[PDB]
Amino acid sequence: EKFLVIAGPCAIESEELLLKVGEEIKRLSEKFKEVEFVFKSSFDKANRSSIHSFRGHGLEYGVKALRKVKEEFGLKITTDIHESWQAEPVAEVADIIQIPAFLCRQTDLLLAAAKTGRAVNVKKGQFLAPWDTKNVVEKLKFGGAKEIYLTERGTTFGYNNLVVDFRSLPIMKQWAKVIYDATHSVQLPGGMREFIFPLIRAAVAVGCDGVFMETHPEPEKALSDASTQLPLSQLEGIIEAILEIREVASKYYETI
């Protein structure tokens, strides 16, 4: 099956930033034809820890910038919603509607996304056990979702730390396609970037249906997740690496 690579800048800092990253993702989509790329970027960081941190330039501006990426590069789009009313307007551009990790249990948000007819990708809450996602998928199917993804992005492990329990990949695969979030899994809520590559190698070795990676031309200047966003120049190499490891490991992937 075609491997999914969801990548892009964490937040829509500007339409310019989006086009710069989109240009590269487009180039890679022409090279890695066996991969289905989906451009990701949040129009709003609605859950920052601090009231003083960057949130975004609004829904309107964001959807407009994303529409530009899709129009200029012909790339599929995904962005996250935070309240039910956002599903409809976002669905006009987003091929995949993303559900934030803290909101993976909010029934109305999941239902709002499901009825748009668009694909839905739910970030597994840091408080959720792998088997607890069966009901999340059930809600989505109940709401009309026909293409569902579950994203592994780490689990609460003590204070200000997350651990990736890779047993979650084969467990969640029982009821949905599985995506591994390579950048949020190494973040320290409220010794990070150095683990992005090794853990993503682990993910494809275990087996998943895609990977999610935030990338920015200059991470140190990013207005969000400056500590975990992958330098854009490193994207091509990481992708080639995971495709290689996926290929050699693939014959051993267990059947669900």
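Quick note: we count residues from 1 along the sequence shown, nothing fancier.
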Next item on the list: Output yes if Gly56 is unmodelled in at least a third of the other compared entries of this protein, no if it is modelled in all of them.
Entry: no
Note to self: Is it the case that at least a third of the other compared entries omit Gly190, given both of its neighbours are modelled there?
What the structure shows: yes
Note to self: Does the chain run continuously from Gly190 to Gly191, or are deposited residues unmodelled in between? Answer none, 1 to 3, 4 to 9, or 10 or more.
What the structure shows: 4 to 9
Check: Mean C-alpha B factor from the entry: is it higher for 242 to 250 or for 11 to 19?
Finding: 11 to 19
Check: Out of 132 to 140 and 181 to 189, which one has CA B-factors that are higher on average in the deposited record?
Finding: 181 to 189
Notebook entry, point to check: Which has the highest CA B-factor per the PDB entry: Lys146, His82, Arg105, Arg153?
Noted result: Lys146
Checklist line | Per the PDB entry, maximal CA B factor within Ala226, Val38, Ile200, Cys208 | finding: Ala226
Next item on the list: Within this chain's modelled residues, let me know which third the CA B factor of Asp165 belongs to: lowest, middle or highest.
Entry: lowest
Notebook entry, point to check: Once the chain's modelled residues are ordered by C-alpha B factor and cut into thirds, is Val5 in the lowest, middle or highest one?
Noted result: middle
Next item on the list: Pull the Cα B-factor of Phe195 out of the PDB entry and bin it into the chain's lowest, middle or highest third.
Entry: middle
Check: So where's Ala87 on the chain's Cα temperature factor ranking, which third?
Finding: middle
Note to self: Sorting by Cα B-factor within the chain, modelled residues only, which third would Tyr61 end up in: lowest, middle or highest?
What the structure shows: highest
